């Protein structure tokens, strides 16, 4: 039974360590270090050193954990993943890769990067698209990217401070392209993206117009890291329906910092 599984990326470092996270993990000469264990072990190599990560931040160590444990659960559920699409955000592509590794499909399935499902530009740093990693850079960072895939949109088409309606229209238009890419295929089309994507990419499949922005927003507030929305196609009736996701929720506590000097 053909289906689409939309998945929110794992915890992003700047969610915890704030908008200036990069300044906390950078030396004067622009080199990386971990001031806290939730900063990732390393950062992949990128053109202008590590400058361009500032608004395209990686997963935290926790976000890696979340991604891995969800992927492990997807393996155990037994469902078949036929393809994987991803927002060009590094956090989303990183989440895609970690899931594929746990499924043992990292070498068999390439990631199709689709700038058309990038986050609503109203919710980004400068109310605009940041510098993202090139596909050449992702290959060099050992991501198995599908360079033959012709995406619905280039990143440059994404308007800064686009309206709610414009954001929904480009996600809808992207979901036309996504479904038509290998249409015979049954199996799960995995889409690893942002919170908003759970609604923006499933609505058009269900034959529904966008929600009122308010209701959309309230619904997105509640999507946790690696939250999922699952839609199955009923082939006979030519119709899609929302379904219980193939894995359970993931619920855990925070962990605060401590200052050892307090003991003195």
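Residue numbers count along the first chain shown, from 1.
Relative to its counterpart among 45 to 53 and 215 to 223, 45 to 53 has the higher mean temperature factor, C-alpha atoms as listed in the PDB entry. Taking only CA atoms, the mean B-factor in the PDB entry is higher for 204 to 212 than for the other of 58 to 66 and 204 to 212. Across 170, 91, 194, 104, the entry's maximum B-factor at the CA atom is seen for 104. Out of 174, 87, 186, 95, the entry records its largest CA B-factor for 186.
Among the modelled residues of its chain, residue 249 has a C-alpha B-factor that falls in the middle third, as given in the PDB entry. When the modelled residues of the chain are ordered by their C-alpha B factor, residue 78 lands in the middle third.
For residue 24, the recorded CA B-factor ranks within the middle third of the chain. Only modelled residues enter the ranking.
Per the PDB record, residue ranking by Cα B-factor puts residue 133 in the middle third of the chain. Remark: residue 119 belongs to the lowest third of its chain, ranked by C-alpha B-factor as recorded.
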